[PDB]
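In what follows, a structure is listed as structure tokens, so that the remarks can point back to it.
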Amino acid sequence: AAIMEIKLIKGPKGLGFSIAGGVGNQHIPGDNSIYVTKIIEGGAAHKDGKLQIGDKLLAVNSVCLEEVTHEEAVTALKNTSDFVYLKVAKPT
Amino acid sequence: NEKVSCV
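If you read the protein sequences in the order shown, they are chains A and B. The first sequence begins at 315 in PDB author numbering and counts up by one. The second sequence begins at 14 in PDB author numbering and counts up by one.
Shown next, in the form of structure tokens:
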């Protein structure tokens with residue numbers, strides 16, 4: 315849909331959301347993409363307040379999140395440091 | 014069954 319780029323400061327606890335999706339772990343039938351399922355209270359994503367449950371993750375910094383496995387996505391999002399560009403697209 | 018990960 316509309317490409318949103320959200321800029322986040324990584325909190326001590328991490329980014330403050332949870333994801334599902336990936337190759338071999340579809341969150342929706344026929345769709346491999348990475349989705350945000352939860353935004354925890356008091357976290358970085360919550361307090362910035364642009365990210366939303368249901369949002370498809372497209373990229374984190376210099377790493378692409380289209381058609382990757384759940385594990386490639388998890389290491390990509392956890393191997394960040396302090397400052398993060400998050401590319402997402404909002405649901406239709 | 015699907016995997017959800019904290020981040």
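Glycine is no exception: its CB is placed at the ideal position from the N, C-alpha and C atoms.
- For A:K361, the closest alpha carbon among the candidates A:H384, A:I323, A:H341, A:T406 is that of A:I323.
- A:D369 sits in coil when the DSSP states are folded into three classes, being neither helix nor strand.
- When the beta-carbon positions are compared, A:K364 and A:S347 stay at least 9 Å from each other.
- When secondary structure is reduced to three states using DSSP, A:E380 falls in the coil class, being assigned neither helix nor strand.
- Any Cβ of chain B closer than 9 Å to the Cβ of A:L329 would place that residue at the interface, and such an atom is present.
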